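Included below are structure tokens for two forms of one protein chain, each presented in isolation as structure 1 and structure 2.
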Structure 1
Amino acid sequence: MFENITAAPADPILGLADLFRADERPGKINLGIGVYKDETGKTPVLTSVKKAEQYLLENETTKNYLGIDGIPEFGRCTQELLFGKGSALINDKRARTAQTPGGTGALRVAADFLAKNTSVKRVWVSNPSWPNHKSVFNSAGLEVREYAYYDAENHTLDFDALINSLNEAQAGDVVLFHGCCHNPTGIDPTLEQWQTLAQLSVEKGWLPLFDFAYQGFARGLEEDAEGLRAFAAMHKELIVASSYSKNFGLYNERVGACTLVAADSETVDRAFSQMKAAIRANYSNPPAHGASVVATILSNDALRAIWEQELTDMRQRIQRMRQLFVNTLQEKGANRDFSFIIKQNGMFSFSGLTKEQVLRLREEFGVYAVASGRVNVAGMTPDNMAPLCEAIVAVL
């Protein structure tokens, strides 16, 4: 049965990772990492999370299965984060949330739900996007089409090209939007651009699918949800796949949410019954530990305040690195405009380097980024900035 199976395309993440590992050189630098790192180059467990985990160890009396949609408090806190306390969406009971194994799990549950229960055949994704989007939707039998996004000349959102591309989208197609901190570009629509897109989506009959993996990493929790909320104000229906992997530092505990919104409570409950069926046939019910940590923190004033500050600290360190990168490149004699880096949001940006410059950086200088030239600004520290920038200047 297995003798003729073709190997999966080689894992570029493992990577990357393996080549970085094997590199004998000082002072090698990894900007290809997917996770947040602090100023010491570590990805520690958040203090709020450790406190929550201690509480759970002390207080949990069973590991009995959660419901298919997971911890109710988790769902409520999630909806509040997404839509705002006192949202009409929430008051009108138009939203249902399933706790899922990560944002990826939320995307797959959405995909399976759509493939099995609706006429959706096609999902529109930005060019570029997170490479796993295509894999996830294709796995559910959905076609993926790309829309223009990145102005490679100006390092900005090519809004005209985006709108032009999306004209080929038919009524009943899904359009995927990154809520904030677009991956890989860090380029997000302005609020006005979100409002234009929201209006257009209603007119064209698109089903919006928001992917929210970085809430809090651009400007702040509420500010980062403005785009979603602009859509939510205009649409009867949408889906949000969110993740707590980066903003709680809970990567390996697999904590995310799939939130379904419909015109009213009867309709969302009916649709959600099929989303739960989709979950039941996949992993049955979701993993408690990470989601319980999130619910414990979000629902406690003390823990929530500690967590919010920890998230603020991450957001701010990333901003400081964006600034330090631009200043240091100028001071190492780059003699080119990198100001776009200051304006971009979240851990990721395109450096504007070509695939060959990126390969050169890896081979000659032991500086590691992904082929598109995307770099994780959180892999940067005050200590590694000067060598990093000297290497980049050298390949310009």
Structure 2
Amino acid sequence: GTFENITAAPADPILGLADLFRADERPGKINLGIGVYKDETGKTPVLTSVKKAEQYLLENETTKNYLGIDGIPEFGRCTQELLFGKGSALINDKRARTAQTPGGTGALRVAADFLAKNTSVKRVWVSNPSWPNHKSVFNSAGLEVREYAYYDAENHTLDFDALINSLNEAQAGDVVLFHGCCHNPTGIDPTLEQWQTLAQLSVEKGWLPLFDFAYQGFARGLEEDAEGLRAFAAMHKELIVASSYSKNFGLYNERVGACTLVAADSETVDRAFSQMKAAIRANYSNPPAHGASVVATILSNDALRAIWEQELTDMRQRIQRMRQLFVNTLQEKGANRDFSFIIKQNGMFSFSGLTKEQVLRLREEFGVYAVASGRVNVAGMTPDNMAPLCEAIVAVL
């Protein structure tokens, strides 16, 4: 019996939490786990720009014929402009190649498979803490995962001294993974000056930087959120960018991502990109069209794009209002601590500082669901559920 001795797998710390929430019978449940945006009414809607783009596709698609291994060309072009800028030298020098992938996760696995099978890379450095699935993706491709310091739990800030010291151990040729913006789970991003320090330190020690870009547009703005990346881009000969449209387009279940490869010249990137296309062929062959077609349609049409940029702005601003409302309401419900640091965190998540035992008690006794690390989804908070949520947090302090 080939399957008789298999060991059951542990639950996913994010998705395993969601199945529990769906099963909970109590009517006043609150879900602050998975990073999914909710509007004021508590729903995760389809954007108007997306619905209009889908209508265009429905009435104009003539075939479902396979896309190329790397996907829709216009999709790749628009992705590189978003990442690097309209008139970037990487683009004009033809130094960058982009493959449409199934989500940001798929972009990470493609890069990992590509590295482990075509290079001498054997080590990937990931911030501590980070998105839980990072370790799983790179380990599954056969790469070793090392951790570098990032979060100061006492000051609720970025420990730039610990980060630099920890990364001194990263040898040349290693891969160092950076969150482009809206660090998951801490919400604390480097300042532009800190980015430039890392970019200079990156070229000196010979690192291959890998950028995970899942939240472009949720910190300050589309262009503003890519400053750190464009600092590395202006200084490195090689780098990898895995990006996702799941969240800034609300296209989660359509799996829309990109893996962008940068090399010193056009000849080397095409040679390396051919091996990336080979790793894709042996995985899922070619990428799903519907989600990437929507994104390409929106970014290619100035009218649709104007709607989307405005829908994304409302998302960013609503999350900022909830951060404020969250802090004020905690003080009002009797919280003794100071939660002001939540105002300075970017993106959808906040490191609340709650212990594992408190997170566990919030779930069992109050029906409030957060990840065991104390990460809470601010974008899951509404004017309606704010008061019960804060009453439960104060009760477990």
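One-based numbering along structure 1's sequence throughout. What we label the rigid core is the largest C-alpha set whose atoms superpose within 1.5 Å from one form to the other. Only residues modelled in both forms are compared.
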Core fit, then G15 C-alpha moves 2 Å or more between the two structures: yes
Once the core is superposed between the two structures, does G67 show a C-alpha displacement of at least 2 Å? no
Is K28 among the residues whose Cα moves by 2 Å or more between the two structures after superposition of the rigid core? yes
Looking at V240, what is the CA displacement between the two structures after core superposition, in angstrom? 0.2
Cα of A334, core superposed, displaced between the two structures by (Å) 1.3
With the rigid core superposed, where do three or more consecutive residues all shift their C-alphas by 2 angstroms or more between the two structures? 10 to 28
